[PDB]
Ligand SMILES: [Mg+2]
């Protein structure tokens, strides 16, 4: 019934009606010592409904993430279960359908992540031993599990040891790997007529090509260099390989296996050409030809987009090498290239126009960059940039030749051939932009072309056109302004606000969106208002203009990010409008809570909200709080993990701002002590901010500190969460009354030092140091001495001498240095018993005071900048780059005044010759 029980909840969770009930009943079930295995056996049962297994598979993936390992890499599951799961999972994933196999690939990737190499010795043996010659389907399996683990090298950067883990793997897979590839190649030539058999064979080749990459993404192992001719040989072969059996001319949008094998094969070649050009040298030309004849026989069909890309990434990698460039360097291979490769793949194809009308925002993501860089205009552009950096004048000219024609052709019948104006607006642009088009715009441009002129002559006209050939053009025009803003006159730009703001009142999805985007950029510049009031109102209007449905509503993230940035410009200009705005923002939140889609959107909505509150006046903060609380409480009652991080931050902000905790927020305090809430990896920064506020604003809300120090203990023990530890403690000790802390102080002291003795981190030690300077100034040196001396007798002497003195001058962060330094100085010159009880330490702490003084010569997604608390408490009067040294000097002088020429003279001889000299410099300075 363990299995039957899970089976039941998975099934119930699939019923929209019993999802919250199910999810909760599943969480409860999660606590059991076998839940993981149960879930797996379920997924593994063939007789169950895909829907249920998928649900099970899916849940498993998420379970793993939150339960498999804590912050610090520790298995939160019992050894037995853990070892069992890793044994079960590999064979399970090797047998599942792609849909579920993929879900498990992620589970397994996460598992491999913290345990792959050390805590999973059998993995490589087990995988290798499952490769055979007759069982291809099974091979693909084993191979997939493989690639999903090694995948994770590609983004990494070289390391003294990465090579070691790779060697660890390579040694095991090298032979059978090449052996299977040889086998696969032979088997393919023999099955030339078995659709079913080919397909399968090519499903194995695909993963081999992908693993081949995995093994060569850091270096070329001796085994692949010495044995390259065989590999590239095979790939050189399937790149040209064709087969009726692996075609489907009726297919227009979805790539085949044959095509995928050719795309990912083109991705290897590009890796070799970029990373081992000489070791690869020979073969580069053989490839340049096939890639060319391949690019010339492809249709403008979606089905090939990725292959056209990946193959252009290879040509572009080639053009970088002077030797090969010379073959495009003649004046006709430029002309050919244009006519053969670029012009065809860059022309607006019919299927695009359909997208521009049928899925406007998808079109919008393909014309703008950030994600989904797979395409043809991008590969082409990146290629063209490589060509024009070699012979600016060569390329620029032949293209100019072609465009001049595309212009005349447009002139003849604007209505019939506008696609030509799109075409050169593209080309000119692609030839004009000189570098990597940053957010800042465009760092430079091709001199042989004049962006402004081209603009006044052909980009502007299209913005005012009575009737236009086609909308896409006005869009292209806006995109032009957007792209070249840096190159246009600031007045030239402002002259465009009026007309741009016109498009925000158009039903043309793309236009006003682009419109928005461009006004946002333009206003941000005029920065370093009645206009804005009107603008927000129009921008918000456009956010509802498509309906209130959760999925569709959160669709346009560009509009919401723009609203945010308009608010980011008009700080406190529009205080009277906030409430209505806030009320609408919350209104969007409420709708979205129903089905949180598009995280980007979710984010900017909170940032906007975040902003409004940041600029509202404290006295008028309340009304705002009463309009969001009801909406937020419901966020909690139904744990909407997509919004919680944001709400915490905001409410946290709200509290830090009030002089008292608003009664509609007080009930949050206690439930916020529940350990459950502190076991959610990505919400910690945000929650310790909330706890932190309640404490600052009103400690009385926590009648029993015990559970609080409960959290402190949880954090301060976690290498991963030390920073959160201290942050919380600063508040605890400097903001709660002593007579109310007097009984936990011994405990704090002990935990603070247990992490010192048996678990330190460079980060930790300095933080301790600053924390000590922090207490020395605030609670007093005597306080501090008594503080650590509680743990054991004499400990102050040992810790001050070996950890604080020595670290002080190591501290790099300026603010943390100031605090620590003034904190330490503060013990020499304001310490009642230090100077007399600890003789040893005076010269020592003195030395470092003088050295240090002289020195001068994934939770981020849910991090609201708008409210970001980037200004951490500090002693204001001192300047982190000037003043700290004068303070010391001054503080010291004012201290000899009390004993008149006594102190400084007694020390000097005990200071180091170096410091003695530094002290003279310092005093006089
Ligand atoms: Mg004392």
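Quick notes
- Restricting the search to helices (runs of 4 or more DSSP H) fully inside the range 822-922 and requiring at least 2 residues that are closer than 26 Å to residue 801 by Cβ and within 16 Å of the ligand (Cβ to nearest atom) gives 834-837.
- Looking across the range 612-662, the residues that are part of a loop (DSSP other than H, G, I, E, B) and either more than 30 Å from residue 26 (Cβ to Cβ) or more than 29 Å from the chain's Cα centre (by Cα) (or both) come down to 616, 617, 658, 659, 660, 661, 662.
- Among residues of the range 738-765, those that are away from the ligand (no atom under 16 Å from the Cβ) and part of a helix (DSSP H, G or I), counted: 18
- Residue within the range 709-731 that is within 16 Å of the ligand (Cβ to nearest atom) and surrounded by fewer than 19 Cβ atoms within 10 Å (Cβ to Cβ) present: no
- Of the numbered criteria (1) within 15 Å of the ligand (Cβ to nearest atom); (2) more than 21 Å from residue 744 (Cα to Cα), the one residue 804 fails is (1).
- Being over 30 Å from residue 580 (Cβ atoms) and surrounded by 14 or more Cβ atoms within 10 Å (Cβ to Cβ) is a property that residue 481 has.
- The condition of being closer than 21 Å to residue 261 by Cβ and touching a helix residue (DSSP H, G or I) at 6+ places or on another chain (Cβ under 9 Å) holds for only one of 193, 179, that being 193.
- In summary, residue 573 fulfils each of the numbered conditions (1) within 29 Å of the chain's Cα centre (by Cα); (2) surrounded by fewer than 20 Cβ atoms within 10 Å (Cβ to Cβ) with the single exception of condition (1).
- Some residue of the range 521-528 being buried (at least 20 other Cβ atoms within 10 Å of the Cβ) and in contact with a strand residue (DSSP E or B) (Cβ under 9 Å, 6 or more places away or on another chain): no
- Number of the exception - residue 455 against (1) within 21 Å of residue 392 (Cβ to Cβ); (2) touching a helix residue (DSSP H, G or I) at 6+ places or on another chain (Cβ under 6 Å): (2)
- Taking (1) assigned to a helix (DSSP H, G or I); (2) away from the ligand (no atom under 16 Å from the Cβ); (3) surrounded by fewer than 18 Cβ atoms within 10 Å (Cβ to Cβ) in turn, residue 809 satisfies each apart from (3).
- Among the residues of the range 766-795, those that are part of a helix (DSSP H, G or I), over 25 Å from residue 813 (Cβ atoms) and within 14 Å of the ligand (Cβ to nearest atom) comprise 782, 785, 786, 789.
Residue-by-condition table, conditions (1) part of a helix (DSSP H, G or I); (2) buried (at least 16 other Cβ atoms within 10 Å of the Cβ):
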position: 238; (1), (2): yes, yes
position: 251; (1), (2): no, no
position: 255; (1), (2): no, yes
position: 263; (1), (2): yes, yes
position: 272; (1), (2): yes, yes
position: 282; (1), (2): yes, no
position: 287; (1), (2): yes, yes
position: 291; (1), (2): yes, yes
position: 312; (1), (2): yes, yes
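Each value in this text was obtained by applying a stated rule to the coordinates, not by laboratory testing. Backbone-built Cβ (ideal geometry, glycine too); neighbour counts: all protein chains shown.
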